[PDB]
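Have a look at data-v3.txt; it's compact mmCIF, C-alpha atoms (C1' of nucleotides) and all ligand atoms:
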# COMPACT_ATOMS: atom_id res chain seq x y z
CA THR A 319 0.00 0.00 0.00
CA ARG A 320 2.15 2.83 -1.41
CA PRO A 321 5.61 1.90 -0.04
CA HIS A 322 7.13 4.98 -1.73
CA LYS A 323 6.20 8.63 -1.22
CA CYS A 324 7.24 11.87 -2.89
CA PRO A 325 9.15 14.08 -0.40
CA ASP A 326 8.32 17.38 -2.12
CA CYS A 327 4.57 16.81 -2.60
CA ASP A 328 1.62 14.78 -1.31
CA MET A 329 1.73 11.98 -3.89
CA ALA A 330 2.50 8.41 -2.81
CA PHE A 331 3.25 5.63 -5.30
CA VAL A 332 3.53 1.87 -4.97
CA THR A 333 6.71 1.22 -6.98
CA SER A 334 10.00 3.04 -7.42
CA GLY A 335 9.31 3.33 -11.15
CA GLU A 336 5.87 4.90 -10.66
CA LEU A 337 7.20 7.38 -8.09
CA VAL A 338 10.19 8.20 -10.31
CA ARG A 339 7.91 8.86 -13.29
CA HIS A 340 5.73 11.05 -11.08
CA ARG A 341 8.90 12.91 -10.09
CA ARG A 342 9.73 13.30 -13.79
CA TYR A 343 6.28 14.80 -14.44
CA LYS A 344 6.31 17.30 -11.57
CA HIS A 345 9.84 17.67 -10.17
CA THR A 346 12.66 16.75 -12.56
CA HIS A 347 10.96 18.39 -15.58
CA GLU A 348 13.69 16.90 -17.76
CA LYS A 349 13.70 16.52 -21.55
CA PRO A 350 16.14 13.69 -22.34
CA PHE A 351 14.30 12.57 -25.49
CA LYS A 352 12.59 15.16 -27.69
CA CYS A 353 11.14 14.97 -31.19
CA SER A 354 13.38 14.94 -34.24
CA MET A 355 11.05 17.55 -35.80
CA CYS A 356 10.71 20.20 -33.07
CA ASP A 357 11.67 20.94 -29.45
CA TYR A 358 8.75 19.08 -27.83
CA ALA A 359 9.75 16.37 -25.36
CA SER A 360 8.02 13.81 -23.15
CA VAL A 361 8.52 11.63 -20.08
CA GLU A 362 7.08 8.37 -21.43
CA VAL A 363 8.08 6.79 -24.74
CA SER A 364 4.47 6.34 -25.86
CA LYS A 365 3.95 10.11 -25.70
CA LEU A 366 6.84 10.58 -28.13
CA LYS A 367 5.37 7.80 -30.28
CA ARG A 368 2.02 9.57 -30.69
CA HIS A 369 3.77 12.90 -31.28
CA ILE A 370 5.78 11.33 -34.11
CA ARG A 371 2.57 9.75 -35.44
CA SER A 372 0.93 13.19 -35.48
CA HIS A 373 3.99 14.51 -37.34
CA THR A 374 3.72 11.70 -39.91
CA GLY A 375 0.02 10.78 -39.91
CA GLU A 376 -0.16 7.07 -39.04
CA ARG A 377 -3.48 5.54 -37.92
CA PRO A 378 -2.95 2.05 -36.43
CA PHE A 379 -6.42 0.97 -35.29
CA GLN A 380 -9.56 1.14 -37.45
CA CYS A 381 -13.16 1.28 -36.27
CA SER A 382 -15.04 -2.01 -36.55
CA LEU A 383 -18.35 -0.51 -37.70
CA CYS A 384 -17.22 2.62 -39.60
CA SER A 385 -14.37 3.84 -41.82
CA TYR A 386 -12.51 5.78 -39.11
CA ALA A 387 -8.94 4.88 -38.17
CA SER A 388 -7.56 6.38 -34.96
CA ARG A 389 -3.96 7.17 -34.05
CA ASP A 390 -4.65 5.99 -30.48
CA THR A 391 -6.82 3.36 -28.83
CA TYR A 392 -8.57 5.91 -26.61
CA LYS A 393 -9.59 7.88 -29.71
CA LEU A 394 -11.22 4.73 -31.11
CA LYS A 395 -12.90 4.00 -27.77
CA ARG A 396 -14.36 7.51 -27.66
CA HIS A 397 -15.40 7.20 -31.31
CA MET A 398 -17.28 3.99 -30.50
CA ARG A 399 -19.69 6.08 -28.42
CA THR A 400 -21.01 7.46 -31.72
CA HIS A 401 -22.33 4.02 -32.69
CA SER A 402 -23.25 2.88 -29.18
CA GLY A 403 -24.55 6.14 -27.72
CA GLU A 404 -24.06 5.51 -23.99
CA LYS A 405 -23.50 9.05 -22.75
CA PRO A 406 -21.39 8.46 -19.60
CA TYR A 407 -21.31 11.90 -17.99
CA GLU A 408 -24.42 13.34 -16.33
CA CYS A 409 -25.13 16.89 -15.21
CA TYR A 410 -25.88 17.21 -11.50
CA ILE A 411 -28.53 19.94 -12.00
CA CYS A 412 -30.59 19.23 -15.14
CA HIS A 413 -29.57 15.52 -15.21
CA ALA A 414 -28.65 15.74 -18.90
CA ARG A 415 -26.25 13.11 -20.25
CA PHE A 416 -23.28 13.82 -22.52
CA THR A 417 -20.82 11.71 -24.49
CA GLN A 418 -17.71 13.72 -23.51
CA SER A 419 -16.59 15.35 -20.26
CA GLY A 420 -15.85 18.67 -21.95
CA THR A 421 -19.38 18.75 -23.35
CA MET A 422 -20.82 18.41 -19.84
CA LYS A 423 -18.42 21.03 -18.46
CA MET A 424 -19.39 23.54 -21.15
CA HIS A 425 -23.09 22.75 -20.67
CA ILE A 426 -22.91 23.37 -16.91
CA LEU A 427 -20.90 26.57 -17.37
CA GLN A 428 -23.19 28.05 -20.05
CA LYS A 429 -26.56 26.74 -18.80
CA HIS A 430 -26.44 26.84 -14.97
CA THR A 431 -24.07 29.74 -14.17
CA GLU A 432 -24.89 33.45 -14.34
CA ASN A 433 -21.60 35.38 -14.17
CA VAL A 434 -19.37 33.81 -16.85
CA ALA A 435 -16.52 35.62 -18.57
CA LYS A 436 -17.15 36.20 -22.28
CA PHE A 437 -15.01 37.04 -25.30
CA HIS A 438 -15.06 40.39 -27.09
CA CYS A 439 -14.65 40.81 -30.84
CA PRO A 440 -11.33 42.56 -31.59
CA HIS A 441 -12.93 44.31 -34.60
CA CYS A 442 -16.59 44.85 -33.61
CA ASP A 443 -18.56 45.44 -30.41
CA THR A 444 -20.30 42.04 -30.30
CA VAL A 445 -19.85 39.90 -27.18
CA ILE A 446 -19.86 36.10 -27.44
CA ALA A 447 -19.62 33.36 -24.81
CA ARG A 448 -17.71 30.56 -26.58
CA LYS A 449 -14.34 31.04 -28.27
CA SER A 450 -15.43 28.68 -31.06
CA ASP A 451 -18.44 30.93 -31.67
CA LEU A 452 -16.07 33.91 -31.68
CA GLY A 453 -13.96 32.17 -34.32
CA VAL A 454 -17.06 31.59 -36.45
CA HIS A 455 -18.01 35.26 -36.05
CA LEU A 456 -14.52 36.35 -37.10
CA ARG A 457 -14.43 33.93 -40.03
CA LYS A 458 -17.85 35.08 -41.32
CA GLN A 459 -18.24 38.77 -40.47
CA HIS A 460 -14.59 39.87 -40.34
CA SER A 461 -13.19 37.77 -43.20
CA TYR A 462 -11.55 39.54 -46.13
CA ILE A 463 -12.90 39.26 -49.68
CA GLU A 464 -10.61 39.82 -52.67
CA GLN A 465 -13.46 40.29 -55.16
CA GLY A 466 -15.45 42.55 -52.83
CA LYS A 467 -19.20 42.84 -52.37
CA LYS A 468 -21.21 45.78 -53.65
CA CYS A 469 -23.72 47.54 -51.43
CA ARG A 470 -27.28 46.44 -52.09
CA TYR A 471 -28.59 50.01 -52.47
CA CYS A 472 -25.58 52.02 -53.71
CA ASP A 473 -22.32 51.71 -55.65
CA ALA A 474 -20.23 51.20 -52.49
CA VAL A 475 -17.92 48.17 -52.50
CA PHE A 476 -16.75 46.50 -49.28
CA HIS A 477 -14.44 43.61 -48.45
CA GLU A 478 -15.57 42.85 -44.87
CA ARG A 479 -19.15 41.69 -44.32
CA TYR A 480 -19.46 43.61 -41.04
CA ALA A 481 -18.64 46.86 -42.85
CA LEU A 482 -21.14 46.00 -45.60
CA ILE A 483 -23.91 45.28 -43.09
CA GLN A 484 -23.16 48.47 -41.15
CA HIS A 485 -23.35 50.48 -44.37
CA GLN A 486 -26.59 48.79 -45.44
CA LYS A 487 -28.15 49.59 -42.06
CA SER A 488 -27.96 53.28 -43.03
CA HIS A 489 -30.47 52.74 -45.88
CA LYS A 490 -33.39 51.59 -43.70
CA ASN A 491 -34.98 55.07 -43.52
CA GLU A 492 -34.86 55.81 -47.25
CA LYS A 493 -37.45 55.93 -50.04
CA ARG A 494 -35.65 54.26 -52.94
CA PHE A 495 -38.64 54.38 -55.29
CA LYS A 496 -39.05 57.79 -56.94
CA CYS A 497 -41.66 58.79 -59.50
CA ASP A 498 -40.29 59.99 -62.83
CA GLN A 499 -43.04 62.62 -63.24
CA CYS A 500 -43.01 64.29 -59.80
CA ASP A 501 -41.13 64.47 -56.49
CA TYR A 502 -43.13 61.70 -54.78
CA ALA A 503 -41.11 58.92 -53.17
CA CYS A 504 -42.00 55.80 -51.21
CA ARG A 505 -40.45 52.71 -49.64
CA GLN A 506 -42.60 49.93 -51.13
CA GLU A 507 -43.08 49.23 -54.83
CA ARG A 508 -46.87 49.00 -54.53
CA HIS A 509 -47.12 52.65 -53.47
CA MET A 510 -45.07 53.73 -56.50
CA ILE A 511 -47.28 51.60 -58.78
CA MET A 512 -50.40 53.26 -57.35
CA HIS A 513 -48.88 56.72 -57.80
CA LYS A 514 -47.99 56.02 -61.44
CA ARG A 515 -51.52 54.68 -62.00
CA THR A 516 -52.89 57.97 -60.66
CA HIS A 517 -50.49 59.90 -62.90
CA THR A 518 -51.58 57.97 -66.00
CA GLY A 519 -55.25 57.86 -64.95
CA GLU A 520 -55.43 54.09 -65.41
CA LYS A 521 -58.16 52.25 -63.46
CA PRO A 522 -57.29 48.55 -63.82
CA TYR A 523 -59.78 47.51 -61.13
CA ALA A 524 -63.41 47.22 -62.24
CA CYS A 525 -66.65 46.61 -60.37
CA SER A 526 -68.41 43.35 -61.25
CA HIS A 527 -71.95 44.70 -60.69
CA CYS A 528 -71.66 48.25 -62.10
CA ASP A 529 -69.77 50.36 -64.63
CA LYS A 530 -67.45 51.96 -62.06
CA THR A 531 -63.69 51.37 -62.12
CA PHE A 532 -61.00 52.06 -59.54
CA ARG A 533 -57.24 52.60 -59.36
CA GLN A 534 -56.79 50.58 -56.14
CA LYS A 535 -58.04 47.25 -54.84
CA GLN A 536 -59.06 48.65 -51.44
CA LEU A 537 -61.22 51.33 -53.08
CA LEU A 538 -63.14 48.72 -55.09
CA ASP A 539 -63.58 46.58 -51.97
CA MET A 540 -65.02 49.51 -50.01
CA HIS A 541 -67.38 50.47 -52.84
CA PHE A 542 -68.62 46.89 -53.10
CA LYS A 543 -69.09 46.67 -49.33
CA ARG A 544 -71.05 49.96 -49.37
CA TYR A 545 -73.21 49.94 -52.52
CA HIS A 546 -73.57 46.16 -52.94
CA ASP A 547 -74.07 44.90 -49.34
CA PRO A 548 -77.72 45.37 -48.28
CA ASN A 549 -77.10 44.15 -44.71
CA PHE A 550 -74.42 46.81 -44.09
CA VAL A 551 -74.93 49.83 -41.82
CA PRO A 552 -72.23 52.53 -41.53
CA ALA A 553 -70.73 53.19 -38.11
CA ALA A 554 -72.09 56.40 -36.56
CA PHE A 555 -70.46 58.07 -33.55
CA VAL A 556 -72.71 60.30 -31.43
CA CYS A 557 -71.47 63.30 -29.46
CA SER A 558 -71.83 62.78 -25.71
CA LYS A 559 -72.55 66.48 -25.02
CA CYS A 560 -75.05 67.44 -27.75
CA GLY A 561 -76.14 64.22 -29.47
CA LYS A 562 -75.60 65.04 -33.14
CA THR A 563 -74.26 62.22 -35.30
CA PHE A 564 -70.86 61.88 -36.98
CA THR A 565 -69.56 59.16 -39.29
CA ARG A 566 -65.77 59.34 -39.02
CA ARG A 567 -64.21 59.00 -35.58
CA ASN A 568 -61.90 62.03 -35.61
CA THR A 569 -64.70 64.48 -36.46
CA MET A 570 -66.73 63.35 -33.44
CA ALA A 571 -63.83 64.23 -31.13
CA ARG A 572 -63.37 67.52 -33.01
CA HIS A 573 -66.94 68.37 -31.98
CA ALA A 574 -67.06 66.88 -28.47
CA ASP A 575 -63.97 68.75 -27.27
CA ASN A 576 -65.52 72.09 -28.31
CA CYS A 577 -69.17 71.26 -27.56
CA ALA A 578 -71.35 72.96 -24.96
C1' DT B 1 15.20 -0.97 -13.87
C1' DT B 2 12.31 -0.08 -18.22
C1' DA B 3 9.28 0.04 -22.22
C1' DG B 4 4.37 -0.94 -23.30
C1' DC B 5 -0.31 -0.50 -22.63
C1' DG B 6 -4.50 0.94 -20.92
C1' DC B 7 -7.39 4.40 -18.89
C1' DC B 8 -8.73 9.09 -18.03
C1' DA B 9 -8.81 13.79 -18.19
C1' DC B 10 -7.79 18.49 -19.98
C1' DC B 11 -7.36 21.83 -23.54
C1' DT B 12 -8.48 23.39 -27.98
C1' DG B 13 -11.09 23.83 -32.07
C1' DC B 14 -14.69 22.95 -35.92
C1' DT B 15 -19.67 22.04 -37.24
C1' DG B 16 -24.54 21.56 -38.36
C1' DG B 17 -29.42 21.68 -36.02
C1' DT B 18 -32.28 25.09 -32.98
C1' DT B 19 -34.02 29.17 -31.93
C1' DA B 20 -34.74 33.92 -31.04
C1' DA B 21 -33.82 38.65 -32.55
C1' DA B 22 -33.95 41.33 -36.76
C1' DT B 23 -36.10 42.42 -40.91
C1' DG B 24 -38.92 42.50 -45.10
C1' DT B 25 -44.33 41.72 -46.83
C1' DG B 26 -48.76 42.75 -47.49
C1' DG B 27 -53.90 42.99 -45.65
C1' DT B 28 -56.36 46.56 -43.78
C1' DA B 29 -57.72 50.43 -41.24
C1' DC B 30 -56.88 55.59 -41.18
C1' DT B 31 -56.80 60.45 -41.94
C1' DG B 32 -56.15 65.13 -45.30
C1' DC B 33 -58.25 67.23 -48.82
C1' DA B 34 -61.10 68.41 -52.89
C1' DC B 35 -65.75 67.97 -54.34
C1' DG C 1 -70.27 63.15 -45.87
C1' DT C 2 -67.35 60.70 -49.36
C1' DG C 3 -64.18 58.98 -52.66
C1' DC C 4 -59.30 59.38 -53.81
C1' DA C 5 -54.60 59.35 -52.47
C1' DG C 6 -51.14 58.70 -49.50
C1' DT C 7 -49.90 56.99 -44.82
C1' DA C 8 -49.75 54.05 -40.63
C1' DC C 9 -50.51 49.50 -37.74
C1' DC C 10 -49.19 45.24 -37.24
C1' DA C 11 -49.61 40.20 -37.60
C1' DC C 12 -46.96 37.30 -40.34
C1' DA C 13 -43.15 35.13 -43.05
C1' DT C 14 -38.18 35.14 -44.18
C1' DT C 15 -33.41 35.95 -42.84
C1' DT C 16 -29.51 35.50 -40.07
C1' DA C 17 -26.33 34.55 -36.56
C1' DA C 18 -25.56 33.27 -31.40
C1' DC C 19 -26.56 28.96 -28.71
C1' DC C 20 -25.34 24.40 -27.99
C1' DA C 21 -24.48 19.61 -28.13
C1' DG C 22 -22.01 16.65 -30.98
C1' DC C 23 -17.51 15.44 -32.52
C1' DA C 24 -12.05 14.95 -33.29
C1' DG C 25 -6.64 16.29 -32.69
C1' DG C 26 -2.48 17.05 -29.22
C1' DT C 27 -0.77 16.65 -24.67
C1' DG C 28 -0.32 15.46 -19.41
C1' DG C 29 -0.89 12.10 -15.39
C1' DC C 30 -1.22 7.56 -13.25
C1' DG C 31 -1.32 2.03 -12.36
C1' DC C 32 0.25 -1.96 -13.55
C1' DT C 33 2.67 -5.57 -15.86
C1' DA C 34 6.33 -8.65 -18.96
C1' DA C 35 9.95 -7.76 -20.99
NA NA D 1 -46.79 49.59 -48.32
NA NA D 2 -23.00 17.89 -34.67
ZN ZN D 3 6.01 14.63 -6.50
ZN ZN D 4 8.03 17.28 -32.90
ZN ZN D 5 -17.31 3.93 -35.88
ZN ZN D 6 -27.03 20.94 -16.74
ZN ZN D 7 -16.77 40.52 -35.11
ZN ZN D 8 -25.47 51.78 -49.51
ZN ZN D 9 -45.64 61.03 -59.91
ZN ZN D 10 -70.11 48.88 -57.60
ZN ZN D 11 -71.53 68.13 -29.29
Taking this structure as input, can you express it in the form of structure tokens?
Amino acid sequence: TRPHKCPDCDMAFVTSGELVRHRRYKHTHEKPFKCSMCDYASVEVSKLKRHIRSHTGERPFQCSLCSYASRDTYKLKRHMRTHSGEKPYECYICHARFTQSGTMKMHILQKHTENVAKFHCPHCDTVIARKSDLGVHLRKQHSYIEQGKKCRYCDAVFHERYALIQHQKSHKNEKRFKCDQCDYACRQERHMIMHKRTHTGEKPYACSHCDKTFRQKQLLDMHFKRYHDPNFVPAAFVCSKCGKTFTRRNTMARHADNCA
DNA sequence: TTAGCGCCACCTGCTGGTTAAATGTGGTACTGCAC
DNA sequence: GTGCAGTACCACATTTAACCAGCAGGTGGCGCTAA
């Protein structure tokens, strides 16, 4: 039961080899064998093996059910959870199960904690929680475009999407449509079409029970509902101080406020 | 002693489905004015 | 009062990007063995 103990820390190990290796990890901090490619070194030979494999790209073990070959056995074991499911880790609050420990840690941090430090965009004012989400934001909004992208409503050309969106947000209080015969302007195409119809005098809309024609659909609907609906009675608003009748609402107030 | 192996975690990073905020559409009242 | 013309609400349908769980690559720590 742990014959050996580390003098400089609290760890106790059964064998001399295990305690020595623990001393290598935390106390000796030596680098006898490093990689032939870079300056990285390790304590165990298998760590240098997998580092060399990452340098070269060798995948020893292949998945039984899929076409994935892993450089390490633990990678294959974790991959097997894709086919088997079997989410080991469980949240202690919402009791949700997750396949990887990091997934559970991120879930608990971002779903059951209020004050969590967040990342700030180096180029814009947006604030994001996850660094991966920040990378997506940078790669989408802040990416550079060689060919550029013209503004939707002007001849301005931008290379960063964030700049393009910020420019296009300045055109949301503008009447692009302008009549060629007068100074009238509007924001929706239907209004411009109606104005040009009034300019030309065209009345495309026609009543189906009379000879009358209209320049707008709403006008024809109101005429039909008035002069072709026997069971219709107009709304009459009565002054509360004198009693005389008024049809439109605003006129009734115009009389009631000045009535005696 | 010592390399090998197995397990486990930690750290980092990418990626599609989900969803909620933002935004564009169009039906339908709603007034100003000329008659 | 009313019809025409232009405007104003606003419920609704897209649009878009953060949210989030699902994944994989590189490294650090430990417990035994057989070699
Ligand atoms: Na409109
Ligand atoms: Na996924
Ligand atoms: Zn120690
Ligand atoms: Zn190396
Ligand atoms: Zn598989
Ligand atoms: Zn949870
Ligand atoms: Zn940004
Ligand atoms: Zn513009
Ligand atoms: Zn005009
Ligand atoms: Zn009619
Ligand atoms: Zn009155």
Legend entry - Within 10 Å of ligand ZN 6 (chain D), counting all atoms listed in the file, residues as a PyMOL selection string: chain A and resi 408-416+422-431
Written file, previous selection with C-alpha atoms, as a PDB file, in the coordinates of the input:
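Contents of part.pdb, as written:
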ATOM      1  CA  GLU A 408     -24.420  13.340 -16.330  1.00  0.00           C
ATOM      2  CA  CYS A 409     -25.130  16.890 -15.210  1.00  0.00           C
ATOM      3  CA  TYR A 410     -25.880  17.210 -11.500  1.00  0.00           C
ATOM      4  CA  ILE A 411     -28.530  19.940 -12.000  1.00  0.00           C
ATOM      5  CA  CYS A 412     -30.590  19.230 -15.140  1.00  0.00           C
ATOM      6  CA  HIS A 413     -29.570  15.520 -15.210  1.00  0.00           C
ATOM      7  CA  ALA A 414     -28.650  15.740 -18.900  1.00  0.00           C
ATOM      8  CA  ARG A 415     -26.250  13.110 -20.250  1.00  0.00           C
ATOM      9  CA  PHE A 416     -23.280  13.820 -22.520  1.00  0.00           C
ATOM     10  CA  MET A 422     -20.820  18.410 -19.840  1.00  0.00           C
ATOM     11  CA  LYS A 423     -18.420  21.030 -18.460  1.00  0.00           C
ATOM     12  CA  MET A 424     -19.390  23.540 -21.150  1.00  0.00           C
ATOM     13  CA  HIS A 425     -23.090  22.750 -20.670  1.00  0.00           C
ATOM     14  CA  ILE A 426     -22.910  23.370 -16.910  1.00  0.00           C
ATOM     15  CA  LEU A 427     -20.900  26.570 -17.370  1.00  0.00           C
ATOM     16  CA  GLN A 428     -23.190  28.050 -20.050  1.00  0.00           C
ATOM     17  CA  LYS A 429     -26.560  26.740 -18.800  1.00  0.00           C
ATOM     18  CA  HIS A 430     -26.440  26.840 -14.970  1.00  0.00           C
ATOM     19  CA  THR A 431     -24.070  29.740 -14.170  1.00  0.00           C
TER      20      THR A 431
END
Inset, instruction - Kindly indicate which residue among A:530, A:420, A:558, A:354 lies nearest to residue B:11, using all atoms listed in the file for the distances. - result: A:420
Inset, instruction - Please identify all polymer residues within 12 Å of residue B:29, counting all atoms listed in the file, omitting same-chain residues fewer than 3 positions from it, and present them as an MDAnalysis selection string. - result: (chainID A and resid 536 540) or (chainID C and resid 7:10)
Inset, instruction - Tell me the residues of chain C close to chain A, meaning within 9 Å using all atoms listed in the file, as number ranges by chain. - result: C: 1, 3-6, 17-31
Inset, instruction - Between atom CA of residue A:348 and atom CA of residue A:363, measure the distance and give it in Å to one decimal. - result: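 Here the two named atoms are 13.5 Å from each other.
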Inset, instruction - Considering only C-alpha atoms (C1' of nucleotides), extract the chain A residues located within 10 Å of chain B and return them as a ChimeraX atom specification. - result: /A:334-335,362-364,391-392,419-420,449-451,453-454,490,506,508,536,566-568
Would you save stretch 448-488 of chain A to a file, keeping C-alpha atoms, as a tab-separated table (two decimals), in the first residue's frame?
chain	number	residue	atom	x	y	z
A	448	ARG	CA	-17.71	30.56	-26.58
A	449	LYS	CA	-14.34	31.04	-28.27
A	450	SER	CA	-15.43	28.68	-31.06
A	451	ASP	CA	-18.44	30.93	-31.67
A	452	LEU	CA	-16.07	33.91	-31.68
A	453	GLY	CA	-13.96	32.17	-34.32
A	454	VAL	CA	-17.06	31.59	-36.45
A	455	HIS	CA	-18.01	35.26	-36.05
A	456	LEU	CA	-14.52	36.35	-37.10
A	457	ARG	CA	-14.43	33.93	-40.03
A	458	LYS	CA	-17.85	35.08	-41.32
A	459	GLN	CA	-18.24	38.77	-40.47
A	460	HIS	CA	-14.59	39.87	-40.34
A	461	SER	CA	-13.19	37.77	-43.20
A	462	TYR	CA	-11.55	39.54	-46.13
A	463	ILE	CA	-12.90	39.26	-49.68
A	464	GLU	CA	-10.61	39.82	-52.67
A	465	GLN	CA	-13.46	40.29	-55.16
A	466	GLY	CA	-15.45	42.55	-52.83
A	467	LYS	CA	-19.20	42.84	-52.37
A	468	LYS	CA	-21.21	45.78	-53.65
A	469	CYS	CA	-23.72	47.54	-51.43
A	470	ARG	CA	-27.28	46.44	-52.09
A	471	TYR	CA	-28.59	50.01	-52.47
A	472	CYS	CA	-25.58	52.02	-53.71
A	473	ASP	CA	-22.32	51.71	-55.65
A	474	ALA	CA	-20.23	51.20	-52.49
A	475	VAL	CA	-17.92	48.17	-52.50
A	476	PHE	CA	-16.75	46.50	-49.28
A	477	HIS	CA	-14.44	43.61	-48.45
A	478	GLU	CA	-15.57	42.85	-44.87
A	479	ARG	CA	-19.15	41.69	-44.32
A	480	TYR	CA	-19.46	43.61	-41.04
A	481	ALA	CA	-18.64	46.86	-42.85
A	482	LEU	CA	-21.14	46.00	-45.60
A	483	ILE	CA	-23.91	45.28	-43.09
A	484	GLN	CA	-23.16	48.47	-41.15
A	485	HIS	CA	-23.35	50.48	-44.37
A	486	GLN	CA	-26.59	48.79	-45.44
A	487	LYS	CA	-28.15	49.59	-42.06
A	488	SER	CA	-27.96	53.28	-43.03
